[PDB]
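Below is one structure, written out as structure tokens; the observations come after it.
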Ligand code: HEM
Ligand code: HEM
Ligand SMILES: C[C@H](O)[C@H](O)[C@H]1CNc2nc(N)[nH]c(=O)c2N1
Ligand SMILES: C[C@H](O)[C@H](O)[C@H]1CNc2nc(N)[nH]c(=O)c2N1
Ligand SMILES: CCS/C(N)=N\c1ccc(C(F)(F)F)cc1
Ligand SMILES: CCS/C(N)=N\c1ccc(C(F)(F)F)cc1
Ligand SMILES: [Zn+2]
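Chains as they are written, first to last, in the deposited numbering: chain B, 299 to 338, 348 to 717; chain A, 299 to 338, 350 to 716.
In structure tokens:
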């Protein structure tokens with residue numbers, strides 16, 4: 299088979315063959331497309356085949372397929388699975404797996420950096436305090452004083468599903484959200500529920516607008532525990548505008564390190580329920596979504612008012628106008644504090660190059676157009692005019708139920 | 299089965315059942331999503358006809374009635390004899406309105422039922438087509454107070470007597486390649502603009518030259534016609550705060566009228582069915598004006614705004630784009646020509662979606678196309694999950710007439 303993909307701005311056409319290897323489902327039938335849908348204990352028998360194909364890829368990637376080292380590793384793994392039911396990955400395999408989970412993330416526009424990933428092996432970790440230490444070292448290393456470095460910390464793989472390691476926070480660093488009895492929300496609305504669990508667990512909220520939440524860490528299936536990330540480790544950027552000297556008075560700021568912590572990493576059948584990973588922000592994530600979504604900080608009106616814009620009628624495009632300035636401010640601020648960050652133009656342009664490269668070296672690049680195209684100025688970024696094929700490849704990062712909706716408390 | 303759709307901004311969940319009536323395939327499988335790909350007989354005809362009539366009568370609360378049954382046999386017998394059939398007026402009107410209603414890429418379907426239908430089925434020549442088209446352009450333009458409409462020429466028979474409108478839209482600017490190697494006018498129509506020259510049209514070689522209509526009737530060869538200039542309402546683009554804007558020398562037409570698609574009703578194929586409504590701002594401001602492959606004007610507009618175009622991180626492109634779309638909307642409103650902005654259009658569509666879900670049990674929607682090409686996440690449709698599937702009657706793409714015609 300062969301599937302063609304065309305870019306309507308360059309007339310460039312690409313041939314995808316990589317999709318042939320996709321085994322997982324898409325949520326789409328032949329009679330329906332669910333492309334815009336947000337979220338559409349393995350047994351030993353189910354496990355070996357998964358390990359095999361994975362190990363086949365690995366060895367193939369190091370140009371040693373069929374070798375003796377390859378066969379013996381298969382024999383070694385098969386045996387281990389039969390006797391122990393599970394199986395431990397080699398350090399080289401773990402690093403290969405993680406980079407590929409990233410490499411296969413169809414919703415990630417920053418994959419051009421996929422091979423530059425620092426992997427921290429936290430498989431010997433046994434307690435929550437242990438997880439805390441590991442996370443602090445990840446935050447410090449990745450931040451690097453503003454010169455951000457991609458990194459991922461991998462805790463023990465799931466066993467019987469009763470001794471899972473979970474990082475309850477959705478991101479290592481995030482601002483608390485509090486619901487007021489008057490119905491309004493102070494802080495970040497998106498984190499209200501998690502904030503409550505933290506308070507309910509003993510956290511003492513400063514009840515402010517940008518309070519870095521504490522970590523809630525679950526080790527070996529035990530009840531989660533609270534820890535406060537060392538402030539001197541949480542790099543933040545106050546947001547000011549290059550021309551609007553009143554912007555700083557808006558009292559805005561954001562953290563510099565985006566580190567996802569609620570996803571599950573799958574490598575050769577194994578499941579790593581705790582695998583926080585971080586990179587660096589694309590401006591629009593903060594400028595458009597975090598600040599302007601109606602269900603987030605929702606700063607449009609206040610930014611507009613101060614800009615003195617005709618807010619009487621939408622057709623004046625006051626919302627659009629204010630959005631640009633706000634995103635202007637985010638990029639400017641980060642660049643001024645020498646904290647890594649990329650704008651949607653550069654990010655989407657690099658992604659197009661990475662995508663083409665991937666087609667010519669792997670035979671494809673699974674991509675989710677709904678997620679790749681930026682939440683602003685969509686059509687003036689190259690990805691918009693790019694047809695994409697979305698399919699599933701492992702290793703991979705997946706979502707998992709929120710830990711508070713499944714955890715069996717002790 | 300029973301699929302649900304959630305809006306992540308309001309948490310509202312709607313259940314979709316309408317998809318269970320999907321006929322055609324989407325191009326997507328369980329192994330791959332083709333969502334962003336722009337385009338993935351007596352025995353055949355009667356079932357389709359029955360499906361349609363069934364829906365029609367169901368809508369008029371006469372499902373099963375003798376009328377329903379009689380009509381069914383009548384068509385059945387007609388197909389057995391004439392190897393095809395004709396729609397009664399009522400069924401044509403319904404068919405066309407419903408083709409619009411099922412257009413998963415149209416953001417303005419909230420207007421679906423308010424569609425004027427012009428039966429051009431008695432047309433036999435190109436001059437006739439021209440007459441029908443002119444009256445359509447005039448009725449729909451209504452001096453700026455646009456009214457949606459569609460004109461339906463004779464349905465296909467043997468495929469060699471197909472009626473076709475070679476233009477992609479009734480009104481579009483010509484595209485000429487210059488000595489340089491660049492392009493004057495609209496790069497999107499360069500080829501058609503060539504087929505018009507290669508046909509006789511005397512191209513004035515201007516930036517915004519309204520192309521001539523190239524009509525084809527009963528499989529014959531296309532003929533050129535110049536739409537009465539008095540019938541082509543145009544808006545000169547000026548800015549509400551940049552009096553230098555007028556100097557960009559930009560203008561666009563007020564009437565968007567798609568004419569290269571094919572209308573299918575009850576198995577029947579109407580290869581010539583121009584339809585029009587009114588512009589959503591972004592269409593011109595973002596796509597026609599700023600698309601790199603189109604008029605690509607961001608370069609200059611930025612200059613004139615005196616902004617740092619040194620680093621992409623200054624978002625000068627974004628900055629310009631906004632002002633430009635301010636101007637388009639501003640101009641149209643000032644000349645009282647109908648136009649809608651992306652904020653209002655999308656808000657309207659969300660409401661339409663909510664009505665369609667409780668009245669029809671669903672609303673086919675293509676997210677990739679529904680979300681405006683600018684300020685995506687600040688419009689409601691961005692946070693709205695959508696289910697895409699095909700339903701007939703429908704509007705479909707069809708091969709360019711020049712790439713398939715036997716002169
Ligand atoms: C180097 C900086 C990086 C940039 C600029 C980048 C940018 C992005 C952006 C803009 C999104 C969408 C986020 C949202 O809308 O919530 C995304 C999604 C994603 N990225 Fe990256 N990324 C980078 C690094 C990484 C790293 C290091 C990994 C993994 C090791 C990764 C894995 C993912 C995944 C799994 C998704 C999709 C998640 C989902 O399906 O919900 N990214 N990335
Ligand atoms: C009255 C106001 C209308 C508005 C504001 C509206 C707006 C839109 C917009 C923004 C698009 C995208 C255009 C593009 O990107 O090329 C679109 C697509 C579409 N609209 Fe509407 N529309 C309206 C009327 C109509 C009418 C009267 C019909 C049919 C009778 C219709 C049929 C379609 C079709 C079929 C498409 C998608 C075509 C395809 O699949 O490529 N629209 N519309
Ligand atoms: C409903 C729709 O799927 C949803 O709003 C998606 C659209 N595209 C997105 N794209 C990115 N990068 N991030 C998101 O959260 C979303 N949300
Ligand atoms: C490649 C991608 O499908 C293509 O650029 C689509 C995206 N969304 C669109 N949406 C609308 N309304 N109109 C278009 O022409 C497109 N082009
Ligand atoms: C890993 C830091 S890379 C980055 N730029 N940000 C995000 C933010 C959210 C997600 C998601 F997983 F929540 F979608 C993914 C990447
Ligand atoms: C019918 C006028 S309704 C409108 N706003 N414009 C368009 C423009 C192009 C198309 C398309 F068919 F080319 F995609 C559809 C609608
Ligand atoms: Zn799909």
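Heads up, the beta-carbon is just placed ideally off N, CA and C, and yes, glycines get one too.
Using the Cα positions of residue i and residue j, report the straight-line distance between them to the nearest angstrom.
i	j	result
residue 481 (chain A)	residue 481 (chain B)	51 Å
residue 430 (chain B)	residue 473 (chain B)	13 Å
residue 399 (chain B)	residue 406 (chain B)	11 Å
residue 423 (chain B)	residue 408 (chain B)	13 Å
residue 471 (chain A)	residue 314 (chain A)	37 Å
residue 690 (chain A)	residue 598 (chain A)	23 Å
residue 462 (chain B)	residue 421 (chain B)	20 Å
residue 344 (chain A)	residue 361 (chain B)	Since chain A is numbered 338 and then 350, with no step between, residue 344 (chain A) has no place in the structure shown.
residue 506 (chain A)	residue 495 (chain A)	15 Å
residue 385 (chain A)	residue 370 (chain A)	21 Å
residue 396 (chain B)	residue 304 (chain A)	39 Å
residue 695 (chain A)	residue 434 (chain A)	43 Å
residue 576 (chain A)	residue 443 (chain A)	28 Å
residue 520 (chain A)	residue 401 (chain A)	30 Å
residue 309 (chain A)	residue 525 (chain B)	29 Å
residue 366 (chain A)	residue 664 (chain A)	21 Å
residue 616 (chain A)	residue 629 (chain A)	9 Å
residue 546 (chain A)	residue 562 (chain A)	10 Å
residue 439 (chain B)	residue 523 (chain B)	9 Å
residue 498 (chain B)	residue 574 (chain A)	50 Å
residue 708 (chain B)	residue 320 (chain B)	24 Å
residue 681 (chain B)	residue 675 (chain A)	17 Å
residue 611 (chain B)	residue 468 (chain B)	50 Å
residue 432 (chain A)	residue 581 (chain A)	11 Å
residue 549 (chain A)	residue 639 (chain A)	7 Å
residue 332 (chain B)	residue 491 (chain A)	41 Å
How about residue i: is its Cβ closer than 6 Å to a heavy atom in ligand 3?
i	result
residue 336 (chain B)	yes
Going by the beta-carbon positions, is the gap between residue i and residue j smaller than 7 Å?
i	j	result
residue 441 (chain A)	residue 460 (chain A)	yes
residue 479 (chain A)	residue 566 (chain A)	yes
residue 607 (chain B)	residue 620 (chain B)	no
residue 323 (chain B)	residue 383 (chain A)	no
residue 593 (chain B)	residue 637 (chain B)	yes
residue 666 (chain A)	residue 330 (chain B)	no
residue 415 (chain A)	residue 326 (chain B)	no
residue 368 (chain B)	residue 677 (chain B)	no
residue 579 (chain B)	residue 425 (chain B)	no
residue 651 (chain B)	residue 591 (chain B)	yes
residue 585 (chain B)	residue 458 (chain B)	yes
Is residue i near ligand 2 - that is, is its Cβ less than 6 Å away from at least one heavy atom of it?
i	result
residue 332 (chain A)	no
residue 649 (chain A)	yes
residue 409 (chain A)	yes
residue 478 (chain A)	no
State yes or no: is the C-beta of residue i nearer than 6 Å to some heavy atom of ligand 5?
i	result
residue 586 (chain B)	yes
residue 567 (chain B)	yes
Please tell me whether, using a cut-off of 6 Å, the distance from the CB of residue i to the nearest non-hydrogen atom of ligand 1 is below it.
i	result
residue 414 (chain B)	yes
residue 594 (chain A)	no
Indicate, with yes or no, if ligand 4 has a heavy atom lying under 6 Å from the CB of residue i.
i	result
residue 705 (chain A)	no
residue 694 (chain B)	yes
residue 339 (chain B)	Residue 339 (chain B) cannot be located in this model; chain B continues from 338 straight on to 348.
residue 678 (chain B)	no
Would you say residue i touches ligand 7, meaning its beta carbon is less than 6 Å from a heavy atom?
i	result
residue 582 (chain A)	no
Does the region 486 to 500 of chain A come close enough to the region 526 to 542 of chain A that 3 or more CB-CB pairs lie under 8 Å?
As far as the Cβ criterion goes, the region 526 to 542 of chain A does not touch the region 486 to 500 of chain A, which means the pair count is below three.
Quick one: any contact between the region 446 to 454 of chain B and the region 637 to 647 of chain B, if contact means 3 or more CB pairs under 8 Å?
yes
For the region 389 to 460 of chain B, list the beta strand (DSSP E) runs that are entirely contained and at least 3 residues long, ordered along the chain.
425 to 428
Continuous alpha helix (DSSP H) assignments of at least 4 residues falling wholly in the region 597 to 621 of chain B:
The alpha helix (DSSP H) runs of length 4 or more contained entirely in the region 597 to 621 of chain B are, from start to end of the chain, 607 to 614.
Runs of alpha helix (DSSP H) wholly within the region 643 to 680 of chain B (minimum 4 residues, chain order)
651 to 669 and 676 to 679
Ignoring anything shorter than 3 residues or poking outside the region 512 to 568 of chain A, list the beta strand (DSSP E) runs there in chain order.
Scanning the region 512 to 568 of chain A from its first residue to its last, the whole beta strand (DSSP E) runs of 3-plus residues come out as 522 to 525, 532 to 534, 543 to 545 and 560 to 562.
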